[PDB]
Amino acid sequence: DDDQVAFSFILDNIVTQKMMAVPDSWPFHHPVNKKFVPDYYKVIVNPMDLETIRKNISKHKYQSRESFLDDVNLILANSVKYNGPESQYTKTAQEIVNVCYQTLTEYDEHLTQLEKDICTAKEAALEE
C-alpha cells in the first residue's frame, strides 16, 4: 500500500526542492494564463508546467518515471517552440530538465524498487 504514496511523495519533493529551486525558474511554476495570453495556447497544443505536474502527483497519475518525464520534457519542448531554441527561458527550462534527470539518477535504484513494487501490486490487485 505504501509504494505509490512513497513514489509520488518523492516526485513531489524532486519538483519543489530541486526543479523549482533552479534560478529564474518561476515562469515555469504555473500555467500560462490563457485569458491573458491566448496566442500561447494557439501555438502550444499540450501546455505544461510544474504546478500541473504537482497536481498530477497528488492524484497519483505517475506510476513510473517514464510518464513523469514525458510531462517534464514537454515543458522544455514547449519552450523551444514558443520562445526559441536559444532563449534565456529555454536555457532555464533545459536546466530544469537536467536537474530532474540528475536527481532521478541519484535515486535510480530506490525508484526502480518502488516502480517494481507498484507494478506487481497492480497486477495482484486486478487479478483479485
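Start at 1 with the first residue shown and count on from there. By rigid core we mean the largest C-alpha set that fits within 1.5 Å across both forms.
Per-stretch RMS Cα distance to the displayed form in 9 other deposited structures of this protein, following rigid core alignment, is highest for 37-45 when 82-90 and 37-45 are compared. Superposing on the core and measuring CA offsets in 9 other deposited structures of this protein, the stretch of 26-34 and 64-72 with the greater mean deviation is 26-34. Look at the mean CA B-factor for 79-87 and for 28-36 in the entry; the higher one is 79-87. Relative to its counterpart among 7-15 and 116-124, 116-124 has the higher mean temperature factor, C-alpha atoms as listed in the PDB entry. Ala21 sits in the highest third of its chain by CA B factor, as recorded in the PDB entry. When the modelled residues of the chain are ordered by their C-alpha B factor, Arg54 lands in the lowest third. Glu66 sits in the middle third of its chain by CA B factor, as recorded in the PDB entry. Among the modelled residues of its chain, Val72 has a C-alpha B-factor that falls in the lowest third according to the deposited record.
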